[PDB]
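Below you'll find only one chain, the form deposited in one PDB entry, shown as structure tokens.
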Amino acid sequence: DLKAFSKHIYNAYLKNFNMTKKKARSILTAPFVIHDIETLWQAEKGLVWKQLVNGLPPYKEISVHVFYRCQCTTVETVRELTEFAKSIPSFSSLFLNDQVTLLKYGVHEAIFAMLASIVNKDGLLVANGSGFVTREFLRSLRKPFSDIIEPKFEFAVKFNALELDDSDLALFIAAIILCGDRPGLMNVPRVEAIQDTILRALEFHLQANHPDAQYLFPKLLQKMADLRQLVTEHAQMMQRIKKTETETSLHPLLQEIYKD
């Protein structure tokens, strides 16, 4: 019963996401390194990006350009997370408006967790694993763009120290999205009941896949709390960019996510 619930979620994870954590870490341990303006120009003229540079909004400056590449990945990851959730029968049985509520308030927590896999202390992978942007370069961008990036590195390296595999992540992501505390949810008891079953699946999976791990499941529940604070800080910083970087465009889907 529950063993099949989990594997249904695991198959949805493998089907709807392109790069696994296993692949990400193997690459991280070669990609073209982006560490300065010159290598960023070469990467944009040399590497193959999911989003064609010509499709981005008009050029404004280096910091803004990186910010647009950031939006490309988060919007692409929202797309995959939406198909991942829709491949979960219990998620698809909710009314469409509750599905949107859960994605609206959940995808960024999910993004900052799942994409921790492509990050290490030195930087993170870009361009489908073909590039590697250095943390030092991202820190050298001008405020406020350097400010929004650093907190995610601190989380990702502490998160990666838990050594979750893709099977753990699949359940963990499902649990983030199916969260009963999201504002404006219609059928709270149903979402709460689904989240509880996912968490029960998570614990059963962990104690089998990580029999010698100490306190791993409560450690992950604390990371769910951390992610909420991370996203809260992120949304505050995004509202400051909207306010004072009027020249910077925001993808319409993210405008809808941050509309409040």
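Take the two forms, find the largest set of C-alpha atoms that superpose within 1.5 Å, and that set is the rigid core. In this text, residue numbers run from 1 along the sequence as written.
The form deposited in another entry exists for this protein as well; it is not shown, and the discussion that follows is about that form.
Shifts of 2 Å or more at the CA atom, core superposed, between the shown form and the other one: which of the listed residues 51, 207, 39, 63 is the one?
None of the others reach 2 Å, which leaves 51.
Are residue 57 and residue 41 closer or farther apart at their Cα atoms in the other form than shown, with the shift being 3 Å or more?
Result: closer.
Just to spell it out: taking the C-alpha atom of residue 38 and the C-alpha atom of residue 57, is that distance smaller or larger in the other form than in the structure shown here, given it changes by 3 Å or more?
The answer is closer, because the C-alphas of residue 38 and residue 57 approach each other in the other form by 3 Å or more.
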